[PDB]
Amino acid sequence: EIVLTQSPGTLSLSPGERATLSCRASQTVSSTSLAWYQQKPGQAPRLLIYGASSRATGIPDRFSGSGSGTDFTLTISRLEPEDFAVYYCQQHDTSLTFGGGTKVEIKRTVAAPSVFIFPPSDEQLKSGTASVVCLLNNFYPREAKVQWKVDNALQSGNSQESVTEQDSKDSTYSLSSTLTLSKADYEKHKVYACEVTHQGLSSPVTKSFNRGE
Amino acid sequence: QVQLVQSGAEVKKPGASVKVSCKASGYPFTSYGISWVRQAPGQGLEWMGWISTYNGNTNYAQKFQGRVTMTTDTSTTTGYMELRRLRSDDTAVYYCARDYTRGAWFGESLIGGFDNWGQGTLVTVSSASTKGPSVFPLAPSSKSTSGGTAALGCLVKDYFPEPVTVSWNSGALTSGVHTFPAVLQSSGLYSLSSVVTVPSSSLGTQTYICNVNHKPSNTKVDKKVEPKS
Ligand SMILES: COCCO[C@@H](C)CO[C@@H](C)CO[C@H](C)CO[C@H](C)CO[C@@H](C)CO[C@@H](C)CO[C@H](C)CO[C@H](C)COC[C@@H](C)N
């Protein structure tokens, strides 16, 4: 098979700049059999470029493809707000293979997260389960670090986090890490804290609460 | 003219099968092939196979050979895709598209791609059964106060399957609300949280309540989030 590798996995550019998306192939791919696709969030993919360089019907002139052999490049001359999506390259020279995809992210000024922590409700404690939630609200870039510390002991393998999509208004991200423990294990300790490390923070922020207070 | 309407969402047990339909219209149906692509939640596109609407020849991907069977009904201009022996990692959105990469008559290589796509079919494979969500309040306090802003939310925990809709004050509080994508717990049940930032001055006077709706279990929960002491 012919493996298509797209780099980078995420491209962070501000609206208005020119975007260049690469699609390297493991073998020489015929120029007439390489296609580019766009997938907006929550929609089906849409054919952008066909035959490496020819654009499909209804595609703006800012989209253009180039390259031959193993190196191919999709170019967006001016990034529009609707142009921020994921782009896949596809070849059918030998069988058929899609690329890894390249998410074009809106590049924003660095924004520090507003860290909040929520103790497990007594309604949930009555069911023999305690869930502690650490909230990271509105931050850029997406990369962050959340560590759960229970009585200074680092927690690992017992928490799940979730990140929202890039906000359509301020182009920011939000994270929600949920530490799940049994009611018995929850009542064995006192201090519950999540340490948040981000680029917008000069030092990692720690929001804590003592159980029973 | 060209439209591709797919069948509704499916929820199947591991080991079972699922058949997805692809109703085509607006173009000579037997002149174009039909390709099928699936997309796991969060992952990229994955080609499944190609079928000629003329002779019926199929070219499946090696990953799905033996489990997938694509058929077309020329009398109804409908393409089908059956995937048997479903496993948990088969949970994905299955798309169908009008193919212009291989000739439907002679199998020649074409200068084109997948022009028109379908709306997609979400197939969820899990051994879990339908269960209503337990809504717990994320009560605010001084720990959830960054300046004058306070944060409070709801914990939609332990439910199956997707989705759930969360609104605040019957949908009147939308600005500053973040409903996070659900995480799949080890128990097979989903769980998410929906938070909202509000001024700390309004914690004592205002009333905040989340409206959690889960249609598969017919569960409607209105949990009031109050600041605890
Ligand atoms: C809007 O939807 C239209 C769907 O097509 C309808 C007309 C219904 O057609 C379906 C039933 C097609 O079912 C079988 C694939 C049709 O097979 C019959 C035997 C072929 O039809 C004959 C009457 C003519 O078919 C031409 C019109 C299309 O066939 C293409 C050209 C294949 O060409 C063969 C392989 C070689 O042609 C010889 C060439 C040198 N003249």
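Residues numbered from 1 in each chain as written, not as in the entry; some residues may be left out. Chains lettered and ligands numbered in written order. Heavy atoms only, no water. Residues with missing side-chain atoms left out of burial classes, pairs and counts.

Per the PDB record, this model was obtained through X-ray crystallography at a reported resolution of 3.3000 Å.

S.K.: So what exactly am I meant to see when it comes to the overall build of chain B here?
M.R.: The helix and strand tally for chain B stands at zero helices and 20 strands. Its C-alpha radius of gyration of 23 Å places chain B more than 25% over the 17 Å reference for a compact globule of 229 residues. Dimensions of chain B, computed from the C-alpha atoms along their principal axes, are close to 75 × 35 × 25 Å. Partitioning the intrachain contacts of chain B with sequence separation of at least 6 by distance along the chain shows that 61% fall at a separation of at least 24. (Helix = DSSP H or I, 4+ residues; strand = E, 2+ residues; numbered from the N terminus. Rg over C-alpha atoms; globule rule 2.2 N^0.38 Å. Contact = heavy atoms within 4.5 Å.)

S.K.: Just to check I follow, could you spell out the pattern of salt bridges for this structure?
M.R.: Think of it this way: side chains of opposite charge can pair up when their charged atoms draw near. Taken as a whole and assessed by the stated rule, the structure comprises 16 salt bridges over all chains. Between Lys-228 of chain B and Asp-122 of chain A there is a salt bridge whose closest N-O contact spans 3.1 Å. On the criterion of chain membership, the pair formed by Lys-228 of chain B in the segment after β20 (219–225) and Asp-122 of chain A in helix α1 (residues 122–125) is interchain, its members lying in two chains. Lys-149 of chain A is the partner of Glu-195 of chain A in a salt bridge, and the nearest nitrogen-oxygen pair spans 3.3 Å. With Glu-195 of chain A in strand β19 (residues 191–197) and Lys-149 of chain A in strand β15 (residues 145–150), this pair connects stretches of sequence that are 46 residues apart. A residue is classified by how much of its surface remains accessible, and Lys-149 of chain A, at 26% relative accessible area, is partly exposed. Residues participating in the shared-partner salt-bridge network are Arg-38, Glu-46, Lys-63, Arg-67 and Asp-90 of chain B. (Salt bridge = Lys/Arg side-chain N within 4 Å of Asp/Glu carboxyl O. Buried < 20%, exposed > 50% of the residue type's maximum accessible area, 1.4 Å probe, protein only.)

S.K.: Teacher, can you tell me more about unusual backbone geometry here?
M.R.: Most peptide bonds are trans, and most residues other than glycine sit at a negative phi. With omega at 5°, the peptide bond leading from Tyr-140 of chain A into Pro-141 of chain A counts as cis. Among the secondary structure elements, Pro-141 of chain A is positioned in the loop between β14 (129–139) and β15. That bond from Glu-162 of chain B to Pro-163 of chain B is cis: its omega, 0°, falls within 30 degrees of zero. As for its position among the elements, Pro-163 of chain B is in the loop between β14 (149–159) and β15 (165–168). Non-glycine residue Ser-95 of chain A carries a positive phi angle of around 60°. Structurally, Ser-95 of chain A can be placed in the loop between β10 (86–91) and β11 (97–98). Positive phi, close to 55°, is recorded for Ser-170 of chain B, a residue that is not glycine. Looking at the secondary structure, you find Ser-170 of chain B in the loop between β15 and β16 (177–179). A residue is classified by how much of its surface remains accessible, and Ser-170 of chain B, at 69% relative accessible area, is exposed.

S.K.: Sorry if this is basic, but what is going on with the state of the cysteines here?
M.R.: What makes a disulfide is a covalent bond joining the sulfur atoms belonging to two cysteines. Residues and elements named next belong to chain B. Under the counting rule described, the total for this entry stands at four disulfides over all chains. Here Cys-22 connects covalently by a disulfide to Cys-96, the sulfurs 2.0 Å from one another. Of note, the bridge from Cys-22 to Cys-96 carries an S-S torsion of about 80° and is right-handed in sense. Here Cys-96 lies in strand β9 (residues 92–99) and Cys-22 lies in strand β3 (residues 18–25), a separation of 74 residues in the sequence. Taking only the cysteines that form disulfides and numbering them from first to last, chain B has the pattern 1-2, 3-4. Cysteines bonded in chain A are numbered consecutively along the chain; their disulfide partners then correspond to 1-2, 3-4. (Disulfide = S-S within 2.5 Å.)

S.K.: What is the right way to look at the interface of chain B and chain A in this model?
M.R.: Many authors give the size of an interface as the accessible area that is lost as the parts come together. Contact residues are listed per partner, giving 45 residues for chain B and 43 residues for chain A. The element best represented in the side of chain B that touches chain A is β14 of chain B, accounting for six residues. Partitioning the side of chain B that touches chain A into residue classes produces 21 nonpolar, 18 polar and six charged. (Nonpolar A, V, L, I, M, F, W, Y, C, P; charged D, E, K, R; others polar.)

S.K.: For this particular structure, what's the right way to read the site of the ligand?
M.R.: Residue and element names in this part refer to chain B. Contacts to the ligand come from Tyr-27, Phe-29, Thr-30, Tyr-54, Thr-74, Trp-105 and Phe-106. Starting from 1,100 Å² of accessible surface for the ligand in isolation, the protein chains cover 32%. Residues that form the shell around the ligand fall into these classes: five nonpolar, two polar and no charged. (Near = heavy atom within 4 Å. Areas by Shrake-Rupley, 256 points an atom, 1.4 Å probe, with all protein chains shown as cover.)

S.K.: Explain the sheet that holds β15 of chain B to me, please; I cannot follow it from the model alone.
M.R.: Working definition: the strands of a sheet are paired by backbone hydrogen bonds and lie parallel or antiparallel to each other. Residue and element names in this part refer to chain B. Here we have three strands laid out as an open sheet, ordered β15-β19-β20, and antiparallel in their pairing. Lying at the two open borders of the sheet, with one neighbouring strand each, are β15 and β20. Neighbour-to-neighbour, the strand axes of the sheet open up by a mean angle of 20°, direction not taken into account. (Pairing = 2+ DSSP bridges. Axes fitted to C-alpha atoms, helices over the stretch in contact; angles between N-to-C directions.)

S.K.: Whenever I open this one, the domain arrangement of chain B confuses me. Can you help?
M.R.: In terms of domain boundaries, chain B breaks down into domain 1 (3–125) and domain 2 (134–225). One C-alpha centre belongs to domain 1 of chain B, the other to domain 2 of chain B, and the line joining them spans 38 Å. (Domains from an automatic or database assignment.)

S.K.: Looking at this structure, how should I read the side chain of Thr-121 of chain B?
M.R.: Relative to the assigned elements, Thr-121 of chain B resides in strand β11 (residues 121–125). Leave out the neighbours within four places in its chain, and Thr-121 of chain B touches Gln-6, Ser-7, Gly-8, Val-20, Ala-92, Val-93 and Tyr-94 of chain B.

S.K.: Which parts of the structure should I look at to understand the environment of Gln-206 of chain B?
M.R.: Within the secondary structure layout, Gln-206 of chain B lies in the loop between β18 (190–199) and β19 (208–214). For the pair formed by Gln-206 of chain B and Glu-226 of chain B, sequence separation is 20 residues and the distance between their alpha carbons is 9.4 Å.

S.K.: Help me out: how do you make sense of the packing of aromatic side chains in this one?
M.R.: The description of two aromatic rings rests on the distance between their centres and on the angle between their planes. Applying the stated criterion across every chain, the model contains 17 aromatic pairs over all chains. When the centroid spacing of 5.9 Å and the interplanar angle of 50° are considered together, the rings of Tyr-37 of chain A and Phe-114 of chain B count as tilted. Of this pair, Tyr-37 of chain A sits in strand β5 (residues 34–39) while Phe-114 of chain B sits in strand β10 (residues 114–117), each in a different chain. When sorted by exposure, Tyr-37 of chain A lands in the same class as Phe-114 of chain B, which is buried. Grouping aromatic residues by their ring pairs yields a cluster made of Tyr-37 and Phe-98 of chain A together with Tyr-95, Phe-114 and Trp-117 of chain B. Taking NZ or CZ as reference, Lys-19 of chain B lies 5.9 Å from the ring centre of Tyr-80 of chain B, over its face. (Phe/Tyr/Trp six-rings, centres within 6.5 Å; stacked < 30°, edge-to-face > 60°. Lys NZ or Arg CZ within 6 Å of the ring centre and 35° of its normal.)

S.K.: Where do I start with a nonpolar patch on the surface in this structure?
M.R.: A grouping of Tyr-54, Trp-105 and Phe-106 of chain B is seen on the molecular surface, where their side chains present a nonpolar patch of about 440 Å² in accessible area. Locating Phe-106 of chain B in the fold gives a position in the loop between β9 and β10. (Patch = residues over 30% accessible without salt bridge, like charges linked within 9 Å, V, L, I, M, F, W, Y side chains within 5 Å.)

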